[PDB]
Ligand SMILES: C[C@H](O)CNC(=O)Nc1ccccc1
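Listed next as structure tokens is one chain, alone, in the form solved without the ligand.
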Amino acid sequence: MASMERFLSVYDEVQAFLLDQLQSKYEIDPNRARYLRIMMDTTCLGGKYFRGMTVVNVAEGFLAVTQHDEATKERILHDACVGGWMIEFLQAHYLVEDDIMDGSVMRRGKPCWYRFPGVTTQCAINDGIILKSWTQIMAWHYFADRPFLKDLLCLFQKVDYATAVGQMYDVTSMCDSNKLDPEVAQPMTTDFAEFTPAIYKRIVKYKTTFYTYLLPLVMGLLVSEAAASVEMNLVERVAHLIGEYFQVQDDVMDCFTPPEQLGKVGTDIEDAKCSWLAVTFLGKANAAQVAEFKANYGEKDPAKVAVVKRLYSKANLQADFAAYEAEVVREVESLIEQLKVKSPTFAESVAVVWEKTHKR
């Protein structure tokens, strides 16, 4: 059976489980079950399933080189699909809550969930809570007797927590650290002293790379009982590397990809985000360029947003991007090699992850 159709079929299975349990154990009524069904579909479906399918791909790699009974291959593939959905539902939690946090309008060409007329923020914050709760109910039901249950739960736990901390670094990235204070309304930085490569790197490492690249790779290893085929420090290294590259691309598209292709209107400039563009610009600007950027960044006024786009265009940031790209291609290819030693399969799965990132 093809991997994607397996994955999709398991979504239907998990959804039926979750809603049937709500009816048998949690006293839900049919209309609320239907609300939750629609919420799950709307928030979990319609992407490429990169994260979830990476767990399945990693597990298919090890199945090709490991001896098992057919029924055991099916159990492993079923566990990889459930684990993959746990990651998709965790991503759905963070996208629902982020969208509300940031006052986002669209995502992928459709309204953010909280904007649906019969949802509202009051319901959508708790719908997002529920999405994450569902990842735990999946794991305790499907993996109850599994040897990897504890490891999987503990890993998922740490990744969730890293992601929340990274949301904390992201939402505070335009403030001066020494001024953070719950008592005092937060001004936007004026010096931009914290728009540096290492600070940027910390934001992206925690906000994105743990759930998007580390978790899928590691969950694939866990459902396969294959953590001995890797040096886990290397898998963490490659995950954070590839995932930083991913975000650098998202930062560039927020500014430069037309909103119909982007699936939303990018507001990183108005939101004064610490993007790769801002940091890279400041790393090469002269005194007058720095002044013009300070006078214009983090302002809704479209004339001022156009002055920042203008400054970036004229700064040749394409060249710094090609150079970054080159260096990542170099370091990922090195880490692939290091992974090839203990596991060719796993190294190939990493290679595929890299190809799907580097191409898009």
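Counting begins at 1, following the sequence as shown.
What comes next is about the form solved in complex with the ligand, which does not appear here.
Asker: Given the pose of the ligand in the entry with it bound, superimposed onto this structure around the site, is the binding site open or blocked (3 or more ligand atoms closer than 2.4 Å to backbone or C-beta atoms counts as blocked)?
Answerer: Placed partner leaves the pocket open.
Asker: Hey, in the entry with it bound, does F143 get a heavy atom within 4.5 angstroms of the ligand?
Answerer: Looking in the entry with it bound, residue contacts with the ligand do not include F143, since no heavy atom lies within 4.5 Å.
Asker: Is there a heavy atom of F246 lying 4.5 Å or less from a heavy atom of the ligand in the entry with it bound?
Answerer: Contact with the ligand, yes.
Asker: Check each residue of 40-72 against the ligand in the entry with it bound and list those with a heavy atom within 4.5 Å, in sequence order.
Answerer: Going through 40-72 in order - heavy atoms within 4.5 Å of the ligand in the entry with it bound - the hits are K48, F50.
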